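Excluded from the calculations below are hydrogen atoms, water molecules and symmetry mates; all remaining heavy atoms, backbone and side chain alike, are included. Just so it is clear: chains get the letters A, B, ... in the order the sequence lines come, proteins before strands, and each one is counted from 1.
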Amino acid sequence: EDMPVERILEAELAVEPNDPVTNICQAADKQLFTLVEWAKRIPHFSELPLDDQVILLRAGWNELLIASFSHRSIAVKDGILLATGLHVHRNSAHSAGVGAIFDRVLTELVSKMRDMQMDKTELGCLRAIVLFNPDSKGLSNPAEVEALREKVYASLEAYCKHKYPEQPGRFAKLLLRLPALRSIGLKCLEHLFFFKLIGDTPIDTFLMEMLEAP
Amino acid sequence: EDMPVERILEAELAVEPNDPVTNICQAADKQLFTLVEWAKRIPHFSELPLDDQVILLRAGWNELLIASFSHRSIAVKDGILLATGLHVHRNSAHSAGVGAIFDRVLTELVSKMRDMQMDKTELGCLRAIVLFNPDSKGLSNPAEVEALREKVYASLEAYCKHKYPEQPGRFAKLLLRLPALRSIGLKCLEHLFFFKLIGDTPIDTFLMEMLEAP
Amino acid sequence: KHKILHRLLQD
Amino acid sequence: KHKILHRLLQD
Ligand SMILES: CC(=C/C=C/C(C)=C/C(=O)O)/C=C1\CCCc2ccccc21
Ligand SMILES: CC(=C/C=C/C(C)=C/C(=O)O)/C=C1\CCCc2ccccc21
């Protein structure tokens, strides 16, 4: 109820028109501020208690950002396009020690998003589903978050089948990329925590705040 | 094509009619042999090249087993029912140092499977979708595995909406537990690797084989 | 805690 | 490698 895909699509269009690792961390920090402005544009999100808004974002930021630069890199050859306008080629990532995780992003996300031609509306809805993670610990009202999530995928499915009537399995195919997103998210965080530990690799304030406890 | 939910349901019914950690590891080993017999009953699985059958099982065993004992524990109070006929109460797990992960299983899987009354057919189909993981590295023909996965959730969706016409979002709700399953799977493996490292906690041969490289 | 985040969400 | 698994699948 009251979860039009048009509003979700608008949120996407509104926020987005030498060590590769350092470039990635700087881009993540920059995009974190934008993530907040994007979340605010997602229907009913801002109406949630401030505390729950913090929980949802702290719990989904990495997956939310990974989903965005991955879809943004669909046209890119063998690599990704950072929000800073910089390109990180698969070989550059490999020569920095993050080749394994980088390839997972290209194989499981980038490539797959390209094969099915995932559009911005679908992308936005998937990110909205991630944002509304009912499993996020601390939620003062998990049931409510679960309600918003069901409205998002209810609208997404309607979008599909209607825009792509010929593809009855598109809806499920879209949701079936969430497991990979969760796995890739978790691995990327592990790397970030190691970079922070080693001391090397410059980490900005907002990104550093996200690596805080819990 | 040729992926009837009846066959999947039959696979489930055919394979299943003091340290809590040690009890869990022994149950996992026992269930690993059964997992193979179950996979063989899943349509088209045995027709895949032996090598790909190994890749798929090695990559999904933990999630496959977690999904099974979780659904099997829906009637259990605050805990789970092991295949060995033994019960592990939430307090017992907590007193063994695995309280955090144990609660995630109860909150994200057990409880949620109970709230929506997930049936055996639905459970089987979800496990069949996990088995057919097209992202499993090494697959000689990932496209084929992807095909089987699409037939499973195509049949599952048909099952739903027909058995539960009143619940149009049931299908998506079912698939939306896969992200949590992936996360819980990854954490459980991390624990297993630590138990193996510390030397304590008896680990049987088949379970030990699964903790091998890659 | 989470100083930056709270501030951005507040505005 | 994966001795036990191969054997079980083979039968
Ligand atoms: C956590 C994370 C955030 C990325 C944010 C970006 C790059 C946003 C953007 O530019 O749009 C991703 C990481 C951070 C950890 C290292 C890494 C390696 C390969 C691919 C991704 C990553
Ligand atoms: C990897 C794994 C396998 C479990 C298999 C079982 C218990 C099968 C069964 O009895 O049906 C689960 C673990 C193994 C690691 C420790 C752990 C802690 C809490 C809950 C689960 C687990």
task: Taking all heavy atoms of A:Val130 and all of A:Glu63, pick out the closest pair and write down the distance.
output: CG1-OE1, 3.8 Å

More than 12 heavy atoms of other groups within 6.0 Å of D:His6 NE2: yes

message: Strictly distance-based, threshold 3.5 Å: is any side-chain N or O of A:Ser136 a donor or acceptor partner for the main-chain N or O of A:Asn133?
response: yes

- prompt: Does the A:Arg72 side chain pair with the main chain of A:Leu81, one donor and one acceptor, at a distance under 3.5 Å?
  reply: yes

task: Considering non-hydrogen atoms only, spot the tightest contact between A:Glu157 and B:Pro168 and give its length.
output: OE1-O, 4.3 Å

- prompt: How are the rings of B:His191 and B:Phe195 set relative to one another: parallel (under 30°), tilted (30 to 60°) or perpendicular (over 60°)?
  reply: tilted

- request: Drop me the distance from B:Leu156's CG to B:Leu175's CG, to the nearest 0.5 angstrom.
  value: 6.0 Å

- request: Indicate yes or no: at least one non-hydrogen side-chain atom of B:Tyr153 is less than 4.5 angstrom from one of B:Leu174.
  value: no

query: Counting heavy atoms not belonging to B:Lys161, are there more than 12 under 6.0 Å from its NZ?
result: yes

task: Check whether any side-chain heavy atom of A:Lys112 lies under 4.5 Å from a side-chain heavy atom of A:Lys173, and answer yes or no.
output: no

message: Measuring from atom CG of B:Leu131 to atom CG of B:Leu126, what distance do you get when rounded to the nearest 0.5 angstrom?
response: 12.5 Å

- prompt: Could you walk me through whether B:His87 and B:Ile80 pass the side chain to side chain contact (heavy atoms under 4.5 Å, CB included) check?
  reply: CA-CA 6 Å; B:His87 303 64; B:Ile80 65 182; over 6 Å; no

message: Check this for me: B:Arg114, atom CZ, are more than 12 non-hydrogen atoms of other residues, nucleotides or ligands nearer than 6.0 Å?
response: yes

query: So do the side chains of A:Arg149 and A:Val145 get within less than 4.5 Å of each other, counting heavy atoms only?
result: no

query: What class does the angle between the rings of B:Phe33 and B:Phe206 fall in, given that below 30° is parallel, 30 to 60° is tilted and above 60° is perpendicular?
result: perpendicular

task: Examine the side chains of A:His44 and A:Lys151 and answer whether a donor and an acceptor come within less than 3.5 Å of each other.
output: no

- prompt: Under 3.5 Å, side chain of B:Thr34 to main-chain N/O of B:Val15, donor-acceptor pair present?
  reply: no

task: Would you give the length of the straight line joining atom CD of A:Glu47 to atom CD of A:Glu144, rounded to the nearest 0.5 angstrom?
output: 9.0 Å

task: Answer yes or no: is there a side-chain heavy-atom contact under 4.5 Å between A:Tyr164 and A:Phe171?
output: no

message: For a side-chain hydrogen bond (donor to acceptor under 3.5 Å, both in side chains) check, start with the C-alpha distance between B:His71 and B:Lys120, then their side-chain angles and the critical distance, and finish with the verdict.
response: CA-CA 8 Å; B:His71 180 280; B:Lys120 294 185 184 301; 4.9 Å; no

field: Side-chain (A:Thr121) to main-chain (A:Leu9) donor-acceptor, under 3.5 angstrom
entry: no

- request: Using a cut-off of 6.0 Å, state whether more than 12 heavy atoms not belonging to B:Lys40 lie near its atom NZ.
  value: yes

message: What I'd like to find out is whether the side chain of B:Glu16 reaches to under 4.5 Å of the side chain of B:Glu12, using heavy atoms alone.
response: no

message: Any donor-acceptor pair under 3.5 Å linking the side-chain atoms of B:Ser183 with those of B:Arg104?
response: yes

field: Non-hydrogen side-chain atoms of B:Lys30 and B:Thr84 separated by less than 4.5 Å
entry: yes

query: Is it the case that more than 12 heavy atoms not belonging to B:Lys137 sit under 6.0 Å from its NZ atom?
result: yes

message: Using a 3.5 Å distance criterion without hydrogens, assess whether the side chain of B:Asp52 forms a donor-acceptor pair with backbone atoms of B:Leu139.
response: no

Nearest heavy-atom neighbours spanning B:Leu192 and B:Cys25: CD2-SG, 3.7 Å

Where A:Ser73 and A:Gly79 come nearest, the two heavy atoms and their spacing: CB-O, 3.9 Å

- prompt: Looking at A:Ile66 and A:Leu181, what are the two nearest heavy atoms and their distance?
  reply: CG2-CD1, 3.7 Å

query: Just how far is it from atom CG of B:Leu82 to atom CD of B:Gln26, taken to the nearest 0.5 Å?
result: 9.5 Å

- request: Measure the CE-CG distance between A:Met113 and A:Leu123 for me, rounded to the nearest 0.5 Å.
  value: 5.5 Å

query: Just wondering, do B:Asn62 and B:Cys188 contact through their side chains at under 4.5 Å, heavy atoms?
result: no

message: Quick check against the 3.5 Å criterion: does B:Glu209 have a side-chain atom that pairs as donor or acceptor with the backbone of D:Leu5?
response: yes

statement: Of all heavy-atom pairs linking B:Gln53 and B:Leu48, the shortest is NE2-O, 2.6 Å

task: In sequence, state the C-alpha distance, the side-chain angles, and the governing distance for D:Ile4 and D:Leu8, and then conclude on side chain to side chain contact (heavy atoms under 4.5 Å, CB included).
output: CA-CA 6 Å; D:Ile4 304 161; D:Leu8 294 175; 3.9 Å; yes

- line: Separation between CG (B:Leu64) and CG (B:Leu56), nearest 0.5 Å, reads 9.5 Å

message: If the threshold is 4.0 Å, N to carboxylate O, is there a salt bridge linking A:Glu122 and A:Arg170?
response: yes

message: Counting only heavy atoms from other residues, nucleotides and ligands, does the tally under 6.0 Å from CZ of B:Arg58 exceed 12?
response: yes

message: Check this for me: does any side-chain nitrogen of one of B:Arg177 and A:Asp135 sit under 4.0 Å from a carboxylate oxygen of the other?
response: yes

query: Counting only N and O atoms by type, is there a donor-acceptor contact under 3.5 Å from the side chain of A:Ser70 to the main-chain atoms of A:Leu109?
result: no

pair A:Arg7-A:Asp2: side-chain heavy atoms closer than 4.5 Å: yes

query: When you look at A:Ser68 and A:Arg127, which way does the side chain to side chain contact (heavy atoms under 4.5 Å, CB included) test go after all the steps?
result: CA-CA 8 Å; A:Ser68 299; A:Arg127 302 179 74 216; 2.7 Å; yes

message: Would A:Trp38 and A:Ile8 count as a side chain to side chain contact (heavy atoms under 4.5 Å, CB included) here? Give the steps.
response: CA-CA 9 Å; A:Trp38 166 82; A:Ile8 294 179; 5.8 Å; no

- request: Keeping the roles fixed (side chain from B:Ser155, backbone from B:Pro4), state whether a donor-acceptor pair exists under 3.5 Å.
  value: no

